[PDB]
Amino acid sequence: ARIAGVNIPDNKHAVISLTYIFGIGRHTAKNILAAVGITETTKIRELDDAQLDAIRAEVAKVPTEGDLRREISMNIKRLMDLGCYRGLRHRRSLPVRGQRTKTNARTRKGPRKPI
Amino acid sequence: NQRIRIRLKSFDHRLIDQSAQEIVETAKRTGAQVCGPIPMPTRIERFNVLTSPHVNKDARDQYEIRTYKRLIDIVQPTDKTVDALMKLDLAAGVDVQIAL
Amino acid sequence: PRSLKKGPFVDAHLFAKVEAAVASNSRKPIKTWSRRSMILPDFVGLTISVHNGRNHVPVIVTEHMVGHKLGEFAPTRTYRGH
Amino acid sequence: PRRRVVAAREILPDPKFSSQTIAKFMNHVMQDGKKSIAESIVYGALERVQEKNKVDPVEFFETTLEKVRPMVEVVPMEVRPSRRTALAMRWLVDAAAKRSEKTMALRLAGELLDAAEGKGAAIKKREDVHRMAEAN
Amino acid sequence: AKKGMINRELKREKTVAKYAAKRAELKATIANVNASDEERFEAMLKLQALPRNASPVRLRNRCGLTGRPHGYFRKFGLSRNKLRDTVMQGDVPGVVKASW
Amino acid sequence: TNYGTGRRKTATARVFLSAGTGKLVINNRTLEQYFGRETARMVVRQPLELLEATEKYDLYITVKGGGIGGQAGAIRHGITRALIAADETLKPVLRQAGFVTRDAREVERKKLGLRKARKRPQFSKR
RNA sequence: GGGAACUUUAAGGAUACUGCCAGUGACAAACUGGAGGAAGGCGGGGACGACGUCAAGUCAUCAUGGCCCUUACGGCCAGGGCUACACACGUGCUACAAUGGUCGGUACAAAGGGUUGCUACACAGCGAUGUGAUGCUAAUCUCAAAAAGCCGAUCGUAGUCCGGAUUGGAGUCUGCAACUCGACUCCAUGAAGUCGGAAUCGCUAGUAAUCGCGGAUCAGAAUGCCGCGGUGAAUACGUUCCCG
Ligand SMILES: [Mg+2]
């Protein structure tokens, strides 16, 4: 069932299925379903039109996919523009939170590039 | 209804047991009931010390120090008993704490 | 970060210098070694030369710099590639 | 050793059927010292086979192990009587794990039933060992 | 250790003692809830205005015979070299080699 | 009427054995409530099953220290000693069954320079 | 209220010595199989390291011959660095899932630490934690929830309800001060990874494996080091080849 523009899985429980939308975790799904009054284990292929619409309305109040990506990109570019140390690390693609780089920085650096 | 409670601490169990024996013998001599001496569980602290000056992590010495304790109660004491305890000598290496 | 109940941290000797500079119309930079002081809204528009270990680097404070420490704008190491 | 002969580690019989072979199969199943889970697997599988067919679990397991006992292992090497039962136990454990029944106890009982019937992965492996063995 | 570093340590120990009382007073005022906001803020500034050496965080434990800043062992107040030497001659009471 | 002490791996069980009808209490719980593991229950009943006196006695037990297996072993040892105390003629069969001997295995200490009692850190020639 | 029985606490002592039975070995040395006993052939573990070797390690713990500096190679201070990063190697931790993950309920330890300390209980917060207050100088009060385990529900082999790296927001505490460069909490994000080439390491029983707990250093800052207990295996025919 399309929610927030996404085809969330239809054979899984609601609490799991809602997590396929960007920006919605276990906590957020449990709160959305608690608000609209649906059991977490209810399967998505068992929800009527009104039930789906209520979840859509609640999920609207939380920033999910495009707004969230836009906000993240803007925050990163603002740091890369101000000229702070964090922006300088973002520019060179290096750890931002004080981790060592003599070894073990592969998530940020990529596969090891030969000399 | 006053029961005297003496607590003995030391690093040496032979010395502590000698002092406890002296105390109980004096109490019985002047005439009084005594409970104990009652042994208390010992404290053990352990230390690891590098033996080489510069570098050998496995070359080490392991030391320990133990504190032993004893509890003695003098029940229904006589007037002379209290003065006898004060008259008793002081032994190096044994701490005595008497509560009335 | 620093707890909110304590508030922000600013060195007294730098705070007095900024007080004087803002109260008057001085254009001369403010020369400082205090890289741990926070940038307050009163800093905006001023110029502070911040120590980096060997040199004082000019910094022109904009609104977007408020809430950062002075030293976040003076890198202390030199790297150019292997 | 090079100077002595070590006595075989003697294990007690199991507490529910009193069988040394059952105890040894349980120890072969157990991982990381978790005996309780191994017991729940082995006893559960024996109960499953008993429910499917009314025979004594101990003698049924004896017969299945006799069927899955390899004669030799490839060059072929003559082996002492103790090793063939161990090899049968290991093959039985592996085949059940590779099968696909929901719980390990059930897929173990399934392996045992197939081995008894004479068509299964473990018995096929035994035949393969025999075929690469008797040639040399 | 160098005699200069030892003297540094002594000077810091003197400064901490000299400013110990006012530090406690200031921190108690900062902790007070009945005291008003401007009083608490003045306390915070007066705390931040004391000389750095008054802060006990800038003390470092040293051997006491040599001044070594590594391997301190609070209970004895000595570093490992001198502790080994002094323990193995019988001048540390109640300490023996440990086995179990 | 008869008392026994059993010990196994830091576990110590006090057993009081009397004539009765098969009642059995451990720390004010029944066997099922005390032990959720079935073989732990089997171990505790081995002696009276070997003796066939399962309903010919009553058992009041307390246990301290150790874990499930050690406590079950200590309780079995205590029951065996209680039976021996009650009827000395029964000690031979209990010795044959192996319930008379005390297991003396205990955790071996960690040693300086090693990861554990025996395990050694990885060696490399270079 | 009582009791001194049992558990434990901790000083002293007894006990195992081929002690007895059978076969056999030069009638040497001994070696096999049994009964009593908690334990039967060094009971397990720890400390203890002959004579010597490598002109092996340490002048940066310290002492010390000789040589050098002594307006500086001596002393004081503030900021920075020792944490850098095209790469290569050693030692470890966490996973790659169903003998598992999550959720609800409910059991069983030992050894250590505690007054510039550890904190019952109450309130506030989702939480790190904050405020009030109580006992304890500890076999008395406290850190303290053991975890794996047992019972039930769900997940159905999926890069997933596996994995938790990286990154954006918002906070707490220690501290004069967490930018370079602390730990921890919540919301969001959800990378490699499907059991690992040549080759190579540990371990012979309460061991390996696996599960949690404590301490020294120390304002704060352990996946290391030194300890503690819970659950608890497999295999050894043999010295030809590899190493000392
Ligand atoms: Mg040399």
Side-chain angles (χ1 to χ4, degrees), chain A residues 16 23 25 27-28 41 68 71-72 75-76 85 95-96 98 100-102 105-108 112-115, chain B residues 13 17 39-42 46-48 52-55 57, chain C residues 1-4 9 33 35-36 51-54 68-72 75-77 79 81-82, chain D residues 1-2 6 9 27-38 41 80 102 104, chain E residues 1 4 47-48 50 52 55-57 63 66 68 71-73 79 81-82 97 99-100, chain F residues 3 5 9-10 12 14 34 36-37 62 64-69 71 100-102 104-110 112 117-124:
Chain A
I16 300 301
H27 182 74
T28 330
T41 54
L68 199 52
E71 194 221 71
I72 297 173
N75 299 322
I76 286 160
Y85 185 80
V96 164
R100 74 196 281 126
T101 53
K102 192 188 195 151
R106 284 292 131 207
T107 314
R108 286 287 270 153
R112 312 137 165 112
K113 54 258 179 184
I115 307 181
Chain B
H13 78 75
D17 269 348
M40 302 271 95
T42 310
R46 304 235 249 239
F47 302 90
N48 283 268
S52 157
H54 186 233
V55 294
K57 184 58 153 270
Chain C
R2 191 173 173 86
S3 306
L4 302 180
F9 176 72
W33 290 265
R35 312 164 35 100
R36 60 191 192 188
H51 201 243
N52 69 7
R54 88 228 261 208
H68 300 61
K69 309 292 194 92
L70 259 317
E72 313 204 58
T76 51
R77 316 198 171 94
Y79 178 62
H82 286 272
Chain D
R2 203 164 184 165
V6 307
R9 189 96 45 192
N27 303 331
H28 278 287
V29 173
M30 165 178 61
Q31 289 164 208
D32 294 315
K34 319 187 70 161
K35 191 71 89 92
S36 206
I37 286 156
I41 287 156
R80 295 187 309 280
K102 221 73 144 157
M104 177 48 162
Chain E
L47 181 53
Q48 290 164 349
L50 310 163
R52 272 172 190 177
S55 178
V57 158
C63 181
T66 78
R68 216 184 180 258
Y72 175 54
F73 293 112
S79 272
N81 304 81
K82 284 301 135 84
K97 296 267 285 164
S99 52
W100 71 96
Chain F
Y3 169 86
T5 301
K9 274 172 82 168
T10 73
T12 304
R14 288 165 74 217
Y34 199 73
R37 193 180 166 192
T62 95
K64 279 193 198 162
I68 273 86
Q71 284 198 348
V100 175
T101 304
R102 195 242 201 258
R105 297 177 286 167
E106 67 162 354
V107 179
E108 175 168 345
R109 63 161 279 187
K110 192 198 164 292
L112 157 63
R118 309 265 176 124
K119 168 179 197 167
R120 215 175 261 289
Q122 206 187 201
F123 165 79
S124 100

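Per chain, numbering begins at 1; letters A, B, ... match sequence-line order. In what follows, every heavy atom counts, from backbone to side chain, and hydrogens, waters and symmetry copies are set aside.
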Would you list the protein and nucleotides 220-222 of chain G atom pairs, both N or O, that sit under 3.5 Å from each other?
none

So if I take every side-chain heavy atom of [X] and compare against [options], which nucleotide ends up nearest?
X        : options                  : value
F/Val107 : G/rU7, G/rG230, G/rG57   : G/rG230
F/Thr101 : G/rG45, G/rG156, G/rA38  : G/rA38
F/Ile68  : G/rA107, G/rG169, G/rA10 : G/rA107
B/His13  : G/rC203, G/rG12, G/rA177 : G/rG12
E/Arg68  : G/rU166, G/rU61, G/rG229 : G/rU61
F/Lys110 : G/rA47, G/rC218, G/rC226 : G/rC226

With [atom1] as the reference atom in both, quote the distance from [N] to [M] in angstrom, rounded to an integer.
N       : M       : atom1 : answer
G/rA148 : G/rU210 : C1'   : 8 Å
G/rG37  : G/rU140 : P     : 40 Å
G/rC195 : G/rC162 : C1'   : 15 Å
G/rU7   : G/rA139 : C1'   : 14 Å
G/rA219 : G/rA158 : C1'   : 50 Å

With a 3.5 Å cut-off and heavy atoms only, can you find an N or O donor on one side and an acceptor on the other between the side chain of [X] and the base of [N]?
X        : N       : result
D/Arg9   : G/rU204 : no
C/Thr76  : G/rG80  : no
A/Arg112 : G/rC87  : no
C/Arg36  : G/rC179 : no

Give [X] one of three labels, base, sugar-phosphate or nothing, depending on what nucleic acid heavy atoms sit under 4.0 Å from its own.
X        : result
C/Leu70  : nothing
F/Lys119 : sugar-phosphate
C/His68  : nothing
A/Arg106 : sugar-phosphate

Considering residues, nucleotides and ligands other than F/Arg109, do more than 12 of their heavy atoms fall under 6.0 Å from its CZ?
yes
Decide if atom CD of F/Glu106 counts as having more than 12 heavy atoms of other residues, nucleotides or ligands within a radius under 6.0 Å.
no
What residues, two or more places apart in sequence or in another chain, satisfy salt bridge (charged side-chain N to carboxylate O under 4.0 Å, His left out) together with A/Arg108?
none
Would you call [N] and [M] stacked when the test is ring centres under 5.5 Å and planes under 30°?
N       : M       : answer
G/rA38  : G/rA39  : yes
G/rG49  : G/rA50  : no
G/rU217 : G/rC218 : no
G/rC181 : G/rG182 : no
G/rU185 : G/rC186 : yes

E/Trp100 side-chain N/O to G/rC226 phosphate OP1/OP2 under 4.0 Å:
no
Does a side-chain N or O from D/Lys35 land closer than 4.0 Å to OP1 or OP2 of G/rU231, or not?
no
Starting from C1' on G/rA205, measure out to CG on D/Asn27 and report it in whole angstrom.
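Nearest whole value for this atom pair: 13 Å.
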Nearest whole Å is fine: how far is G/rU231 P from D/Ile37 CD1?
15 Å
Can G/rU115 and G/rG81 be counted as a Watson-Crick or G-U wobble pair, both distances below 3.5 Å?
no
Side-chain contact, heavy-atom cut-off 4.5 Å: D/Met30 with D/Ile37?
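Side-chain contact under 4.5 Å: no.
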Heavy-atom side-chain contact between C/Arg35 and C/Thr76 under 4.5 Å:
yes
Syn or anti for G/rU99, with syn set at within 90° of 0?
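Anti, which is what one calls it when the glycosidic angle falls more than 90° from 0.
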Report yes or no: does F/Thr10 contribute a side-chain atom to a donor-acceptor pair with the main-chain N or O of F/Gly65 at less than 3.5 Å?
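Here the side-chain-to-backbone pair does not exist.
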Side-chain (E/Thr66) to main-chain (E/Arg68) donor-acceptor, under 3.5 angstrom:
yes
Residue matched to [N] through Watson-Crick or wobble contacts both under 3.5 angstrom:
N       : result
G/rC228 : G/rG212
G/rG190 : none
G/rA111 : none
G/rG37  : none
G/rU185 : G/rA170
G/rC218 : none

Using the ring of each side chain (for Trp, its six-membered ring), is E/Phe73 parallel, tilted or perpendicular to B/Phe47, with breaks at 30° and 60°?
perpendicular
More 5' along RNA chain G: F/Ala117 or C/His51, using each one's nearest nucleotide?
C/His51
Which comes earlier along RNA chain G counting from the 5' end, the contact point of B/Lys57 or that of C/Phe9, where each point is its nearest nucleotide?
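Of the two residues, C/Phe9 wins.
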Is there aromatic stacking of C/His82 against G/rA86, centre distance under 5.5 Å, plane angle under 30°?
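Ring-base stacking flag set for C/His82 and G/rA86.
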